[PDB]
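Visitor: Let me begin by handing over the structure; questions about it come next.
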Protein chains: 2
Amino acid sequence: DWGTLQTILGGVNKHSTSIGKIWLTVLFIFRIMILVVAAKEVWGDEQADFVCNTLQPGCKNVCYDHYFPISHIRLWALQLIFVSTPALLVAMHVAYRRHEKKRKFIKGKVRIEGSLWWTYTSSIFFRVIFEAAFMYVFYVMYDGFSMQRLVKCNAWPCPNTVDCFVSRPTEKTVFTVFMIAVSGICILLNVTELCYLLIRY
Amino acid sequence: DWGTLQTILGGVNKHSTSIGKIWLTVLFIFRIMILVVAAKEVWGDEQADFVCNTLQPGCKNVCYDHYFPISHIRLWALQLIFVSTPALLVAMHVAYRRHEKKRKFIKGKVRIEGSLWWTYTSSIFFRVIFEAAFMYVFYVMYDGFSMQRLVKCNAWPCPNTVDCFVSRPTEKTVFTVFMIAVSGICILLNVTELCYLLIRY
């Protein structure tokens, strides 16, 4: 039930008129599509085929870890999770508060645009706070903007400075580009919607 | 026929009165005894059990070589060969020239002490030139006065700086002591005989 249901409350009935309402969510899907291709496919090798040229027991495990602390596809994953949260917390705040107020004063819209159009504005703030909180780590945490073919790893139990080699570090980067590019694009659409709610107040 | 025959001409009939005439040759034997124990025994392992912690093909061979250019027991060997040469060149110069002059003027001793007691003086000079030519290398060539348990070897085809380990580097040193000690002792006896031929001219 991953994807189809997030839209049942996420693709809301009638919120705003900016052409960036759907665009942002079409990417949100696209972006979980690209990642549900990367993960199971290109990262299985991450640890397996990660070769350190040393016989020194400790080394290889330590050389992956010291070098791949939260692997990319679990970062990418966390991103899509956190940036998924505001989207579904709001949609949850709506289908609850709207269903509540309605069926309670029917037997016995200034607060529909008040309460909900307001938390939605802070959501859009949250979206770009996350989309950019990770976009940050993904760029600061991981030794530049991509990964090299080999790394020179000083992990503790290696003898001095050893070599190690990653698996498909280009295919791995390729997918770090797209997912980082779409991570920027999905930042602007988010900030354009935070801009449109700063224009008319 | 190694050792017994070198004395048949080396342990000459009646040359000088210093108590260092035999002493020096008793060591010469002792010193080939200690080496004919070391060699076949402690150095076989030199290359075999020389372990470099790397998977990198070229490395181990290059790490022995860059580190053991002329192995100790072949140096020790060369020593005993070169410092053996003056001893047997003189003894050869005698048993020839003495047999010659004798059987030629019998049918038809100022030159026995002239020619031979003179080349023997330059021999003693040669002995200590060699005994000290190697004693020099053996101390300058080989990274201090002994060998460590492990070496950090930068041999070309190793990845960066790798470890390697020697075999019995103490037993190996132990025998480098004795053979270097006796290499010094056998220097002094040689220089005392060059001294006694500098005292009375």
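Numbers in chain A track Swiss-Prot; the residues on display, in order, are 2-109, 125-217.
Determination method: X-ray crystallography, 3.5 Å.
For all residues, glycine too, the Cβ spot is worked out from N, Cα and C.
Per Swiss-Prot, the features are:
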BINDING   A:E42, A:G45, A:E47  Ca(2+) binding site
DISULFID  A:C53-A:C180  disulfide bond
DISULFID  A:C60-A:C174  disulfide bond
DISULFID  A:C64-A:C169  disulfide bond
INTRAMEM  A:2-13  intramembrane segment
TOPO_DOM  A:14-20  topological domain 'Cytoplasmic'
TOPO_DOM  A:41-73  topological domain 'Extracellular'
TOPO_DOM  A:157-189  topological domain 'Extracellular'
TRANSMEM  A:21-40  transmembrane segment
TRANSMEM  A:74-94  transmembrane segment
TRANSMEM  A:136-156  transmembrane segment
TRANSMEM  A:190-210  transmembrane segment
Visitor: Which of these recorded positions, A:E42, A:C60, A:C64, A:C180, are close to chain B by Cβ (under 8 Å)?
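Guide: It is none; no candidate comes close enough.
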Visitor: For A:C60 (disulfide bond) and A:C53 (disulfide bond), what Cα-Cα distance in Å is obtained after rounding to a whole number?
Guide: 8
Visitor: For the topological domain 'Extracellular' (A:41-73), what are the DSSP-based totals of helix, strand and coil residues?
Guide: 16 helix, 2 strand, 15 coil
Visitor: Could you tell me what the rest of the chain brings near the topological domain 'Cytoplasmic' (A:14-20), counting residues at least six beyond its ends with Cβ under 8 Å?
Guide: 133, 136, 208-209, 212
Visitor: Residues with Cβ closer than 8 Å to the Cβ of A:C174 (disulfide bond), same chain and 6+ apart in sequence?
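Guide: In sequence order, the residues whose Cβ lies under 8 Å from that of A:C174 (disulfide bond) (at least 6 apart) are A:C53, A:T55, A:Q57, A:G59, A:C60, A:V63, A:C64.
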Visitor: Please give me the recorded positions out of A:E42, A:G45, A:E47, A:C169 that lie within 10 Å of A:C180 (disulfide bond), comparing Cα atoms only.
Guide: A:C169
Visitor: If you count Cβ atoms within 10 Å of the Cβ of A:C169 (disulfide bond), leaving out that atom itself, what do you get?
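Guide: Around the Cβ of A:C169 (disulfide bond), 21 other Cβ atoms lie within 10 Å.
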